[PDB]
S.K.: 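Take a look at the following structure, please.
Values reported hereafter were calculated over all heavy atoms of this structure, with side chains retained and with hydrogens, waters and symmetry mates removed. As the structure lists them, so they are numbered: ligands from 1, and atoms in each ligand from 1. Numbered from 1 within each chain, the chains take letters A, B, ... in sequence-line order.
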Amino acid sequence: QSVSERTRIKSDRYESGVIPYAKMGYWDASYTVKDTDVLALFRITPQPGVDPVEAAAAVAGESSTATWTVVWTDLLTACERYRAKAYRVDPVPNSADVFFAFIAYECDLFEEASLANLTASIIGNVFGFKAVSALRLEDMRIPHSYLXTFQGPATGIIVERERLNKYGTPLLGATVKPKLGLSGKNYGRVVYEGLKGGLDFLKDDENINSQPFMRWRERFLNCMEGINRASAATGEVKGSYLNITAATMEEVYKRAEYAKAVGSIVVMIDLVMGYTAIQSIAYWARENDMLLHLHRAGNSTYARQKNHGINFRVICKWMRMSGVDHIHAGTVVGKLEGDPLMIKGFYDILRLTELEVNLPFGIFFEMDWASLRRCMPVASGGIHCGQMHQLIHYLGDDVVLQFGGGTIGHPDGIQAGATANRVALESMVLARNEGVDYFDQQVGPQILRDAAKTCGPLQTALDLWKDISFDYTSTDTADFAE
Amino acid sequence: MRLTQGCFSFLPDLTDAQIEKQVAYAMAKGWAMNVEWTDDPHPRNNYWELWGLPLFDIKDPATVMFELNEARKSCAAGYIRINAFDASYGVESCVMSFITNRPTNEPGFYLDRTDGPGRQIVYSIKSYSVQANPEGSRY
Amino acid sequence: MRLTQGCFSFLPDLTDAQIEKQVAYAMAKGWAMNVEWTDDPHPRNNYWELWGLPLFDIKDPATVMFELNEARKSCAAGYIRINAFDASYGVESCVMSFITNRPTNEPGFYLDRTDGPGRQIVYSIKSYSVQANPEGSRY
Amino acid sequence: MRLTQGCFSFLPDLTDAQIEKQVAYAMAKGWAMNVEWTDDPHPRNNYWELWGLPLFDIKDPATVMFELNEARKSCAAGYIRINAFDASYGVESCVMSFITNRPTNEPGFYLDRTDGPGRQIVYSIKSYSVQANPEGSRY
Ligand SMILES: O=C(O)[C@@](O)(COP(=O)(O)O)[C@H](O)[C@H](O)COP(=O)(O)O
Ligand SMILES: [Mg+2]
């Protein structure tokens with residue numbers, strides 16, 4: 001009878017009704033990956049009774065073109081081409097209800113230079129799907145071709161060191177404390193003292209923006225005085241991460257422009273600003289000769305648990321793409337969650353020109369960085385100079401070691417605190433380069449106790465804190481040991 | 001004051017033998033060494049004076065050390081550093097830089113403040129050595 | 001006037017035999033045919049009315065012609081066009097549209113002029129059929 | 001065409017028994033009913049003409065139906081609707097509006113297209129009934 005009825009689609013695939021995502025062409029056991037594909041590795045915990053291939057295909061489809069029922073509108077497009085392929089599923093080591101699922105997405109699916117669009121597809125909906133009890137994005141292969149649309153770090157490790165005139169040892173910093181309550185005046189005091197005592201940097205706390213107790217312009221002006229006073233006293237380029245985090249993008253710029261205008265070398269942003277402001281202020285930082293330090297605030301809400309979320313290693317990739325110059329990536333031995341293996345992989349992702357597969361470090365995909373610049377990892381949170389031998393071994397050369405409490409907590413004052421940390425650092429590096437087995441539980445502590453014999457502030461820091469450790473079990477562990 | 005540029009400047013002035021070991025490290029890593037001189041200690045003095053060309057071909061620390069001491073004997077009073085340079089892709093930069101020599105009497109700097117708009121200040125870091133005398137007779 | 005949208009509208013109205021030959025060409029290339037109806041002849045009326053779905057799984061020009069003839073019987077006086085959709089990467093669009101039916105008498109358009117800044121005119125094209133009567137009763 | 005303003009216009013016209021029932025639901029929720037008339041069916045015609053004040057202090061549905069019938073008899077051909085108003089904090093607005101009367105024939109609208117900048121079109125929606133005749137004599 002009626003025209004709607006005579007022209008119904010009657011094929012197996014585009015007849016109306018629900019068919020499984022695997023039978024919609026989102027699964028292919030022998031897809032061959034192209035060098036232009038976005039690859040994603042997911043850790044999928046299917047619900048009781050849901051097939052492991054089905055859940056992998058479901059994730060492929062709802063992150064590319066599918067929906068829950070069949071649509072004739074597919075056929076207005078080159079739908080073979082746009083469909084993502086779940087193309088491999090292994091079971092997760094030592095578990096028969098959790099799976100590693102590899103999914104490949106066609107290059108053309110993604111807006112050029114838009115982390116917002118990349119994430120809209122890849123994390124948009126699928127983590128809240130009913131058929132899946134848990135889901136974690138473990139890794140991604142960002143293809144060269146997509147990477148070339150992005151800026152990468154504004155300054156990057158190499159140019160940063162050049163603007164600083166500091167090569168050979170890890171760089172040094174401290175978060176100003178207490179976190180909140182200090183007036184701009186006193187902030188400028190802490191910054192002057194710490195920088196004058198040996199620190200390359202200080203920083204605003206992540207949550208120091210502009211508050212009744214201290215409005216932002218006061219902090220910036222008073223810190224600049226402190227910074228330039230420090231550099232006049234030492235003959236070093238100095239700085240402090242002036243926090244430009246704000247409610248609106250107009251305010252963030254206003255703060256960035258103010259930082260620039262008064263001569264600041266560096267500014268910080270919080271991750272809670274979100275990806276679009278981050279990309280904006282990363283382009284801005286390139287164009288205005290500014291270091292951009294990303295504090296990763298909020299990360300561990302999705303990054304902490306192994307069964308579900310986004311692994312921080314993917315956040316590394318996305319943030320290096322967007323173009324931040326620094327990003328916090330963990331300490332191993334401090335107050336914040338850090339397994340040595342996972343931190344090492346984070347550091348490789350941020351620093352290397354390319355990645356080779358290394359499953360113990362959580363590097364699931366091999367990947368070229370497409371001459372995007374290298375992002376400076378930051379090691380921060382409850383660390384002290386008694387741990388310096390551990391810091392050097394675990395974290396390498398290109399890194400900023402931050403000691404907020406480990407500098408300011410020092411009983412002989414802030415300058416004493418800073419000096420203890422830099423002597424610590426320099427002697428440890430000096431020693432490594434000479435061939436000494438610095439990481440040995442005997443030698444390492446001894447190199448510092450020897451350095452302490454000619455540095456008063458160091459003896460004191462060793463005396464005060466050498467018991468201190470944060471010896472707890474990890475949540476984010478590897479599935480392959482070393 | 002002690003000029004704390006370079007990466008080992010919160011340690012004591014390095015001996016020839018301690019410098020040879022740092023040179024050894026750098027040569028075993030494939031890096032290129034060079035030696036440079038200045039008597040402008042300003043933090044923004046990017047370009048210190050080259051002492052010859054960088055030593056790319058060299059297979060023996062003693063050569064760097066021999067050049068260091070030739071530079072020591074020819075250059076006026078001031079600062080000498082040795083840099084290590086990594087031509088590798090994704091580095092292409094200095095990876096090590098430390099002071100080998102520093103004059104006995106470094107007065108340092110004063111901070112020079114010019115009034116900008118509102119409360120803003122225009123800072124210039126000024127060196128006593130440089131303002132009093134020309135290059136070659138500052139220390 | 002003659003509405004000269006479609007790719008064969010400077011030729012005489014196509015016979016059914018000529019239409020089928022163009023349908024047969026489009027379908028030999030693997031293209032999806034559809035039938036559409038309008039009584040708004042405006043140049044910028046992108047969306048004519050669908051006569052069912054595009055005929056995706058249809059191999060027979062005669063079936064396409066049947067839907068053309070059923071559209072012709074059921075639709076109010078107006079225009080009918082046939083399009084051919086190509087879903088291939090590189091195209092993903094219509095590649096052939098021509099008019100199969102046209103009204104006996106199309107009054108056409110007038111150009112409405114509104115004064116803009118300076119000498120600029122703001123132009124609107126007005127269909128006589130559309131302004132006078134609603135959809136379904138314009139011809 | 002049907003005029004699909006109001007929240008029940010995808011169902012057949014409401015019987016007096018059905019209208020009375022929706023009116024009862026609204027009145028049990030403590031909302032104020034009012035009756036409104038127009039012969040401008042335009043989607044942007046905010047203000048239909050008031051049929052009295054809203055019936056605020058009223059607790060019997062038949063009193064609303066009585067006013068509905070006086071409106072039906074007194075008012076010209078066109079549209080009538082009943083609205084329900086909630087004056088509670090955080091609402092302060094209509095929370096139910098539906099058509100109780102529509103004309104026997106509604107021609108509907110056309111889309112007037114004026115060329116803006118570039119490809120931009122400046123759109124205007126035009127009622128056939130409104131353009132042909134004044135308020136009071138359009139249907
Ligand atoms: O607020 C804090 O706790 C810190 O200022 C550390 O201060 P201390 O150095 O005084 O501990 C840093 O922001 C965190 O380490 C960030 O964590 P992560 O580095 O994991 O992003
Ligand atoms: Mg902090």
S.K.: Look only at the side chain of A:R219 and the backbone of A:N209, and say whether a donor-acceptor pair between them is shorter than 3.5 Å.
M.R.: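 Answer holds: yes.
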S.K.: Distance to 0.1 Å, residue and atom name: give those for the protein heavy atom nearest to atom 4 (C) of ligand 1.
M.R.: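 Heavy-atom neighbour on the protein nearest atom 4 (C) of ligand 1: A:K177 NZ, 3.7 Å.
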S.K.: For the backbone of A:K166 and the side chain of A:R161, can you confirm whether one donor and one acceptor N or O come within less than 3.5 Å of each other?
M.R.: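 Flag set: sc A:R161 to bb A:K166 pair under 3.5 Å.
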S.K.: What is the closest protein heavy atom to atom 20 (O) of ligand 1, and at what distance does it sit?
M.R.: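 That would be A:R296 NH2, 3.0 Å.
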S.K.: Hey, is A:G382 one of the residues with a heavy atom under 4.0 angstrom from ligand 1?
M.R.: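 For ligand 1, residue contact (heavy atoms, under 4.0 Å) with A:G382 is present.
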S.K.: Below 4.0 Å, non-hydrogen atoms only: which portion of A:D205 touches ligand 1? Side chain, backbone, both or neither.
M.R.: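 Only the side chain of A:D205 comes within reach of ligand 1.
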S.K.: Please state which protein non-hydrogen atom is closest to atom 3 (O) of ligand 1 and give its distance, to 0.1 Å?
M.R.: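 Its nearest protein heavy-atom neighbour is A:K335 NZ, 2.8 Å.
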S.K.: Could you tell me which N, O or S atom of A:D205 is nearest to the Mg ion (ligand 2)?
M.R.: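 In A:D205, the heteroatom (N, O or S) nearest the Mg ion (ligand 2) is OD1.
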S.K.: For A:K466, check salt bridge (charged side-chain N to carboxylate O under 4.0 Å, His left out) against everything at least two apart and list the hits.
M.R.: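 Partners of A:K466 by the salt bridge (charged side-chain N to carboxylate O under 4.0 Å, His left out) criterion come out as none, since no residue qualifies.
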S.K.: Starting from atom 12 (C) of ligand 1, what is the nearest protein heavy atom, named by residue and atom, and what distance separates them?
M.R.: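 For atom 12 (C) of ligand 1, the nearest protein heavy atom comes out as A:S380 OG, 3.8 Å.
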S.K.: Quick one: which ligand 1 atoms are inside 4.0 Å of a heavy atom on A:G381?
M.R.: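 By the 4.0 Å cutoff, the relevant atoms are 6 (C), 9 (O), 11 (O), 15 (O).
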S.K.: Looking only at protein heavy atoms, which one is nearest to atom 9 (O) of ligand 1, and how far off is it?
M.R.: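 So the nearest neighbour among protein heavy atoms is A:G404 N, 2.9 Å.
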S.K.: Ignoring angles and geometry beyond distance, decide whether A:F403 reaches within less than 3.5 Å of ligand 1 through its nitrogen or oxygen atoms.
M.R.: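 No; every N/O pair is 3.5 Å or more apart.
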S.K.: Tell me which protein heavy atom sits closest to atom 14 (C) of ligand 1, plus the residue, atom name and distance to 0.1 Å.
M.R.: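 Minimum-distance protein heavy atom for atom 14 (C) of ligand 1 reads A:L336 CD1, 3.9 Å.
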S.K.: Suppose I only count heavy atoms of A:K179 and a 4.0 Å limit; which atoms of ligand 1 are within that range?
M.R.: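 Checking each atom against A:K179, I get 1 (O).
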S.K.: Do side-chain atoms of A:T460 reach the backbone of A:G456 as a donor and acceptor pair under 3.5 angstrom?
M.R.: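 Yes, because the side chain of A:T460 sits within donor-acceptor range (under 3.5 Å) of the backbone of A:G456.
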S.K.: Is the gap between the ring centers of A:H308 and A:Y302 under 6.0 Å?
M.R.: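 Centroid separation for A:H308 and A:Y302: 6.0 Å or greater.
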S.K.: So is A:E337 in contact with ligand 1, going by heavy-atom distances below 4.0 Å?
M.R.: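 Outside the 4.0 Å threshold, so no.
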S.K.: Counting each atom of ligand 1 from 1 as listed, which ones have a heavy atom of A:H295 under 4.0 Å away?
M.R.: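 Listed by number with element, the hits are 13 (O), 16 (C).
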S.K.: What atom name does the N, O or S atom of A:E206 nearest to the Mg ion (ligand 2) carry?
M.R.: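 It is OE1, the N, O or S atom of A:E206 closest to the Mg ion (ligand 2).
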S.K.: Tell me whether the rings of A:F127 and A:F42 are parallel (<30°), tilted (30 to 60°) or perpendicular (>60°).
M.R.: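 If you compare the ring of A:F127 with that of A:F42, the planes turn out tilted.
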S.K.: Would you say A:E257 has more than 12 foreign heavy atoms packed within less than 6.0 Å of its CD?
M.R.: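 Yes - once you tally the heavy atoms of other residues, nucleotides and ligands closer than 6.0 Å, there are more than 12.
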S.K.: Considering only protein heavy atoms, which is closest to atom 18 (P) of ligand 1, and at what distance to one decimal place?
M.R.: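 For atom 18 (P) of ligand 1, the nearest protein heavy atom comes out as A:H328 ND1, 3.5 Å.
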S.K.: Would you mind listing which atoms of ligand 1 come within a distance below 4.0 Å of any non-hydrogen atom of A:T175?
M.R.: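 Near A:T175, meaning under 4.0 Å from one of its heavy atoms, ligand 1 has 5 (O).
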S.K.: Among protein heavy atoms, which sits nearest to atom 10 (O) of ligand 1, and what does the distance come to when rounded to 0.1 Å?
M.R.: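 Nearest protein contact, heavy atoms only, for atom 10 (O) of ligand 1 is A:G405 N, 2.6 Å.
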S.K.: Quick one: is the NZ or CZ of A:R320 closer than 6.0 Å to the six-membered ring centre of A:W369, and within 45° of its axis?
M.R.: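 The answer is yes, since A:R320 meets both limits relative to A:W369.
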